[PDB]
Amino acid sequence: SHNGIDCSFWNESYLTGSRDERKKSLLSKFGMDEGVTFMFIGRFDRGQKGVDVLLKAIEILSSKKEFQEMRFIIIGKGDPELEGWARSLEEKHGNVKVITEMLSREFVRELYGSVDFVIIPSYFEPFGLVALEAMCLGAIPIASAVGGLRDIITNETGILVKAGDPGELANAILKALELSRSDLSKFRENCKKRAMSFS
């Protein structure tokens, strides 16, 4: 392999219905209802994949009115303290779900195909596979401006922030929440073209 993405697997055509319908159906099974959905998927660790930055950004965002309109799905496992901190936030709020089991590719595809926003707060990323997989299904990326993530994401494809800085990430999530208009559709298709450009 050469770390390309399979356009014949990560495609929306495998998915059924409208994107809003899929997002509503997915939220329902977590006791939640229609909100603006954010997703992290990766290992929990200090210094590499950036779950610590994302947790701090969430703690910052928890104090503001706009927090009522957000939803957060954290997916992964690893450093036990990060897992406990994540569970703590899951228990404090009903708009936060945490999954610590490994999920199938088909399920993760269904996730990417309804979740509408993926956060990739990495300290360093070589290839940006997660960003391409998300982009190929319409999820808009919010990643730190490191590694191949800045190669992949351009002016009109996502949001970039400085790695390791929680406040900038929380501000980015606020800007993306502000970004929630019908324009999302344009912003989605840009992603889907650029991802195909990295097949």
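Position 1 is the first residue in the sequence shown; the rest follow in order.
Query raised in the report: Per the PDB record, is the mean Cα temperature factor higher over 19-27 or over 177-185?
Result: So the stretch with the higher mean C-alpha B-factor is 177-185.
Requested in this report: Using the temperature factors in the entry, find which of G148, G42, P141, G164 has the highest value at its Cα atom.
Outcome: Out of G148, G42, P141, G164, the record gives the largest C-alpha B-factor to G164.
Requested in this report: Could you say whether, by C-alpha temperature factor, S63 belongs to the lowest, middle or highest third of its chain?
Outcome: According to the entry, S63 has a C-alpha B-factor in the chain's lowest third.
Requested in this report: Comparing against every modelled residue in the chain, figure out the third that the C-alpha B-factor of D116 lands in (lowest, middle or highest).
Outcome: Answer is middle: the recorded C-alpha B-factor places it there.
Requested in this report: Report the third (lowest, middle or highest) to which the CA temperature factor of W85 belongs, ranking only the modelled residues of the same chain.
Outcome: For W85, whose C-alpha B-factor we compare with every modelled residue in the chain, the answer is the lowest third.
Report task. Would you mind checking where the Cα B-factor of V108 ranks among the modelled residues of its chain, as the lowest, middle or highest third? Result -> For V108, the deposited C-alpha B-factor lands in the middle third.
**Report entry** Record-listed C-alpha B factor of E69: chain third
**Finding:** Highest third.
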